[PDB]
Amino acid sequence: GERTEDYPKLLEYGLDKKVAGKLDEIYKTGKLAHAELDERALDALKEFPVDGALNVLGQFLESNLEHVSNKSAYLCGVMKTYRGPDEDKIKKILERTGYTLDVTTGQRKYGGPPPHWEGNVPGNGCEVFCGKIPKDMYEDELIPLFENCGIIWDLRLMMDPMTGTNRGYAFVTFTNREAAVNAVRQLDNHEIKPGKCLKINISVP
């Protein structure tokens, strides 16, 4: 295909030809729209060393952007840093619970709130910390694990915007305190992977 209508706009703005061509490729993919890239974001991109900019746009184009409700703010997140899971397991999980999945540069959030949730959030009394998570793991394996403890209100897997893997920990909020305590009691020191034991702590002792 030919260049998009916004290609010469990028060039006029003073972007390096190579950087402008890469961003335009992103435009034609549909990952991003030119109408949602502010002059601030373009300036930041312009301030990048050329091969730096190419890598950032390269990482953006070659990343799983499914369930990313804000592609623009995501790219900006990638830029600040430089400055996925089994899709069919995920699909089946989201279908059967109806829960939202939202991915940002530093987090993959499952639910929070669940569909049709009434009243206040459970809070931190119903929340547990889950540390020492194997970096290769995602919520497709974490969610079924914690579902046995009770009803997940949310699950937030913290992500490394650079490495692409998780930061090795997550928070899980259940709909009540007893489920949280249940998770601590039964899943602390759980060998989720050969040689890899999780660390589960109640957020509010």
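Quick note: we count residues from 1 along the sequence shown, nothing fancier.
In this entry, is the chain continuous from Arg83 to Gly84, or are deposited residues missing in between (none, 1 to 3, 4 to 9, 10 or more)?
10 or more residues are missing.
With reference to the PDB entry, specify whether the mean Cα temperature factor is higher for 164-172 or for 148-156.
On average, C-alpha B-factors are higher across 164-172.
Comparing 60-68 with 132-140, which stretch shows the greater average C-alpha B-factor in the deposited entry?
Comparing averages over the C-alpha atoms only gives 60-68.
Name the residue from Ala73, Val121, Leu94, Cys126 with the greatest C-alpha temperature factor listed in the entry.
Top of the list by C-alpha B-factor: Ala73.
According to the PDB entry, is the CA B factor of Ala179 in the bottom, middle or top third of its chain, that is, lowest, middle or highest?
Within its chain, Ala179 is a lowest-third residue by C-alpha B-factor, going by the deposited values.
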